[PDB]
Each structure stands twice: as structure tokens, then as C-alpha cells.
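See below for the structure under consideration.
Using ideal geometry, Cβ is built from the backbone for each residue, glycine included, and neighbour counts are taken over all protein chains shown. Just so it is clear, none of the values below were taken in a lab; they were calculated from the coordinates.
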Amino acid sequence: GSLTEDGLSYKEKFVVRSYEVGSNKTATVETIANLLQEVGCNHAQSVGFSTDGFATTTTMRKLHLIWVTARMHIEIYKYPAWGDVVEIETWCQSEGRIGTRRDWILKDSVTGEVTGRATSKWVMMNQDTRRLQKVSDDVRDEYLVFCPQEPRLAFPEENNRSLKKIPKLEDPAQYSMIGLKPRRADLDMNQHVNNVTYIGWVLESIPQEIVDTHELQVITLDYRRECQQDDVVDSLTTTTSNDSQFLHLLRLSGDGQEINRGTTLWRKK
Amino acid sequence: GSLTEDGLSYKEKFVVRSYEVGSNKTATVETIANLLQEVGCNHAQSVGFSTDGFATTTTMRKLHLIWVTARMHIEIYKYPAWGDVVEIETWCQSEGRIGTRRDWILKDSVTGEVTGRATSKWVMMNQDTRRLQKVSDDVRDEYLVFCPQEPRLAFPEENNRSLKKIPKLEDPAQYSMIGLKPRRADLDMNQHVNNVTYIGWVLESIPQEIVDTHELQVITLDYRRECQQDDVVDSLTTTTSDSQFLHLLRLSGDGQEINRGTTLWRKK
Ligand SMILES: CCN(CC)C(=O)c1ccc(N)cc1
Ligand SMILES: CCN(CC)C(=O)c1ccc(N)cc1
Ligand SMILES: CCN(CC)C(=O)c1ccc(N)cc1
Ligand SMILES: CCN(CC)C(=O)c1ccc(N)cc1
Ligand SMILES: CCN(CC)C(=O)c1ccc(N)cc1
Ligand SMILES: CCN(CC)C(=O)c1ccc(N)cc1
Ligand SMILES: CCN(CC)C(=O)c1ccc(N)cc1
Ligand SMILES: CCN(CC)C(=O)c1ccc(N)cc1
């Protein structure tokens, strides 16, 4: 991997592994989400920010401030097959004092064609109080010299899916998977549940017949609260719709506290 | 990755990823086990066998025969840090008509030092009846031209840890993690639970204080039965001692054994 010529974006190639693929012998969306996080982390390293997933400056570290994901939105046109080489380009942009955005473009390395795209919204939070805060000029200025100054969007479209508000699923859910719990493999280096595990949990309540006959085209996921030590999660799904659409809700199995909400769009194979 | 000069082994380099590391910022043993499976699969591919994890010939495919893991044994001297490049060499060997063995050697690409080693026992089974079978001459001959003819062992010593019999843990277990269940990410391309998921489940019942103060040095795991559709697993652990543990995975309901194993940990 390397920063590009102008130093405002980062590119890295990956060869799809045997254990990274599903029943069609192509990469799962969780494998894609993991590669997006990996290239994001290598971009942060390439310019001197923290490499713990929080991409902080020394200024944020003394204030105990971190960046956290508020939303992930992925659209895949073609999942890469096992053994295929995928090239991913990523870049970041400030969105005033609200937060930051990281975008990605996925390409087939052999054809050069765009096979997927993704975008994410990040907010600044105190790591101890968990209180959100607006971005100060000092923090914004530190990041601005590492971002394009003119807008560069993976999702330029007028009223695109990545910015739509997601409603709260109402009981009874059509489908559910109960009592989901993380194991050590689901944790990151900071002992926090990896953001990709929540994508897996959302997908667990999609019936197997949909997965066997359809391909996931778009997923939008809001992150509202973390799954903490000893927490157990229920995954709820209701059909909202050759295309099938679903509304998703992850909540704590006991008191029903919301942890995530999302939507998925699937195309018939 | 590529076959080596003599064509009887395969080498491949991997750069440790951000999501592949634990609290010490070094690769977990499940990341190591996944890389061992990946290099095994690329070796099978390089010589024309199936690439579904079963490494079959056309002869085995017409008979509905597959190779399955009976035991995995891994010894790690140093876990690679995030960003480090690790080189893994692998080869296989027939063990008469009982089955086959795959061995691996892990090295730090910069220093050339051996940082780990692993070995595994595989048996031939009919994929439908699940009945084990001895290896016929026809199948053995197909594999022999792809294996070293003189013994080459990652664990050469007579009576080493990789060959020891593992006892069955007796209730009550000292520690347990109950109701473990796979999700789609735990499945392979054939919709079977990945062998590495069982390593993760075994480790779940080790108390967090051991993991925080020790490093896993050796793991030996027997595979007795698969976790099938809608199965739920209990992970049981008892200290037998460095710290040593005895492990048992069994189905949550009737208590049917699926795996047994042992782990050896060194104080940090
Ligand atoms: C979205 C979080 N964040 C810091 C703002 C980053 O990942 C980041 C990384 C490299 C870079 N040049 C600029 C930003
Ligand atoms: C509805 C609140 N919310 C997400 C927490 C936002 O408006 C938001 C917008 C841009 C961004 N980079 C980060 C966050
Ligand atoms: C207006 C769309 N939008 C912000 C992108 C949201 O509703 C949103 C709210 C909370 C959250 N964690 C993530 C997203
Ligand atoms: C006991 C299972 N387990 C994962 C190891 C957890 O409950 C757990 C959840 C969140 C977290 N940050 C850390 C740990
Ligand atoms: C242990 C299963 N098995 C087939 C015997 C293999 O993985 C195998 C792969 C490549 C090779 N040259 C020889 C053997
Ligand atoms: C005790 C039975 N058993 C394991 C099933 C074996 O003797 C065994 C030995 C070598 C080998 N490649 C495969 C199997
Ligand atoms: C000491 C002999 N030996 C094989 C090495 C075993 O006890 C053995 C038995 C069953 C199994 N699935 C794996 C291993
Ligand atoms: C419903 C959860 N789940 C994983 C998708 C399973 O019970 C499962 C277990 C083994 C297997 N081969 C296939 C599936």
C-alpha cells in the first residue's frame, strides 16, 4: 500500500483468501468491511496518526478524544472471487465541526473497473465519558492538510441512500436471531467489539433462503451504542419491499436498549 | 506464494493486518491457524487438487471421499506484530493407510528465525456417510509424487506433544463458557463450521486473567465430531498444572463430545 501521487488518498491491493469467501466462492460483505478498515488504518499510519482504529493526533490524545463510527454505508456491484486481486482507494474529509467522513472505492485490479464503493460518518467523543463533541479549529487544522480541499465524494448522487434517515423497527419483528454474543476473535486490540461484528449480527436474522437466492447490494448501518462486557444482542429484521429490502434493529437482549439500526437491499441472483 | 525449487513444499508471505491482532498488538493464534489453512489451500491449488479445504483428486471425488482434520497441533515461540511479514512453508506426507499429515514452519521474514511450527493429522472419510476409510494404493500413489519421500517432520522427536493421547475432562469443570453458536462468518464455502472456530471456542473458557498475563505457547486439539446446523456448544476447561489446561467442547443439550484438547501457557 502507498499514499497516491498528491498524498491526499491511499491505495492498497488485497488477494482474496480461502477462508474469506462464502458459498458462491466470492468475498463476504464482512471480508469487504474488514479490508475497508485495514486500508483506513494503513492510511492513518502513513501520515503519523494513531493506528488503534481511532486515528488520533497528540492533541486529541492529551484530551482523551477519539474518532468513532456513527454510520457505515457499502454498495457492492461485484464481490471478488477467491484468488482475485482487489484494489481499494480511500480518503478522508472534514464535514465542518460535526465530524469527518472516510470514503472508499473498490476496483478489480485486472480490469480496472469499479466493483464497489463505501462511505462512513465519524464523530469525536471523549473516550471515558462517551460524550460527543464538536470539532475545534485546532483539531480540524491538523487533519485538513491530509484531506482534499475540494469535495471528493464516493456517493455524489442528489439524495443518495448513504444520507437517508433510518426508522426504528416496531415489534413484532418478522424475523429474529436471539442471544448473539461476541467471542475474543470479535474484539480489537483495545478489547472493544470490532465494527464489522455488528454487520455480521445484523445479517444473522436474514433468512438463509434469501442469502442462498440473492446477493447483498447495499447495506447502511447506524452505530448508536457499543455492545459492552457481558452484553448479549438480539438481531431483528422485517421485510419492507426482483429486489428485496429489509429494515434491521440490534438491541440488548435484556432491557432492549438499541445498539444499531440499518437497512439492506438485495438483488435476485 | 509458490512451490519451492524441488516442488515438494510451498511458501507464502503474509503481512499481519490491523484486525488480526489481540491486546499485545500481535497476531492471535486464530489468525495464525487461518494463515496455516490459507497456505495449505494455495499448496493444494498449485498442484491441481480441490480448493474447498478437502484437497481431493478426481478419483476421490467420484467416490465421494474427502480429507478431514483429526488433530491440529501448534507451537508458537513469537507471535508476529501488526505490520510484520511472516513466511510460512508447508508440506504433506502419507502416513501409510491411516491418513496424511500436513506440517508448517513459520519464520520472521526479516530475521529468517523460526517463530512457530505446526502439524496436523488428516483422515479420509465418505462425505455422505461420514464413515472413515483406510487409504487405498490408488489414492496413496496420486499423492506420493507431491510429497517428500524421506521423512520431513516439523516435530521430529519420538514421543513429542503432537502425538500424545488427550484424556476426557471429568465434570465438574473448573471453568466454562456455555451456549456458544456459530454465525455465517464462522462457515466456509461448503457451509461447514471452519476448523479455526473450534480453536476460538476452546479458548473462550480460559479466564481473561490468564490471557492478560500469559502467552499461549502450545495448543493440541482433537476433532471428533462436527458442530452441525442449529447445534450449540459448551466450552469446558480445568487447570492441570507455566500453566497447563485440559479442554472439552461438547453439545449444549445431550453433551455429545465434539473436541478435546490441551493448552500450555507461559507467564509474560
Ligand atoms: C476518519 C478518522 N480519521 C481522522 C480524522 C482518519 O482516519 C484519517 C486518516 C488519515 C488521514 N490523512 C486523515 C484522517
Ligand atoms: C444525525 C447526527 N449525525 C450522526 C451522529 C450527523 O449529523 C453526522 C453528520 C456528519 C458526520 N461526519 C458525522 C455525523
Ligand atoms: C440524517 C442521516 N443520519 C446521519 C448520516 C442519521 O440519521 C444518523 C443518526 C445517528 C447515527 N448514529 C448515524 C446516522
Ligand atoms: C465474555 C464474552 N465477551 C467477549 C470476550 C464479552 O462479553 C465482551 C463484550 C464486549 C467487550 N468490549 C469485551 C468483551
Ligand atoms: C492433507 C490433505 N492433502 C491431500 C493428501 C493436501 O492438503 C495436499 C495438498 C497438496 C499436496 N501436494 C499434497 C497433499
Ligand atoms: C487414533 C486414531 N487416529 C486419529 C483419528 C490416528 O491414529 C491417526 C494417525 C495418523 C493420521 N495421519 C491420522 C489419524
Ligand atoms: C495418540 C493418538 N491420537 C492421534 C495422534 C489420538 O489420540 C487422536 C484420536 C482421535 C482424534 N480425532 C485425534 C487424535
Ligand atoms: C443458525 C446458526 N448457524 C450458523 C449460520 C448454524 O447453526 C450452523 C451450524 C453449522 C452449520 N454447518 C451451518 C449452520
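Quick notes
- Cβ crowding within 10 Å averaged over residues, with B:60-70, B:33-43 ranked highest first: B:33-43, B:60-70
- Each residue of the range A:118-130 was assigned a 3J(HN,Hα) from its phi angle through the Karplus expression (A = 6.51, B = -1.76, C = 1.60, θ = phi - 60°), giving 8, 8, 8, 10, 10, 10, 8, 9, 6, 5, 9, 6, 6 Hz with x at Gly and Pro.
- In terms of surrounding Cβ atoms within a 10 Å radius of their Cβ, B:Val145, A:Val114 rank from fewest to most as B:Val145, A:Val114.
- Only helices enter this figure: runs of n ≥ 4 DSSP H residues, each worth -39500 (n - 2.57), summed and divided by the residues of the protein assembly as shown, yield -5000 deg cm²/dmol at 222 nm to the nearest 500.
- What you get for the range A:175-268, charging only the Cβ of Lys and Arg (+1) and of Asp and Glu (-1), is a dipole of about 80 debye around the Cα centre.
- Mean partner shielding of peptide A:183-196, defined as the number of other chain Cβ atoms within 10 Å of each residue Cβ, is 5.
- Reachable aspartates and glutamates, given that their alpha-carbon falls under 17 Å from the alpha-carbon of B:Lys168 and they are not under 8 places away in the same chain: B:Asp222, B:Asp234, B:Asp254, B:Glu257
- Simple spin-label estimate for A:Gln191 and B:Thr58 gives 5.6 nm between the two label positions (7 Å along the Cα-to-Cβ direction from each Cα).
- Zone residues, the range A:1-39, relative to A:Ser46, backbone N less than 13 Å from point 7 Å out along Cα-to-Cβ: A:1-14, A:38-39
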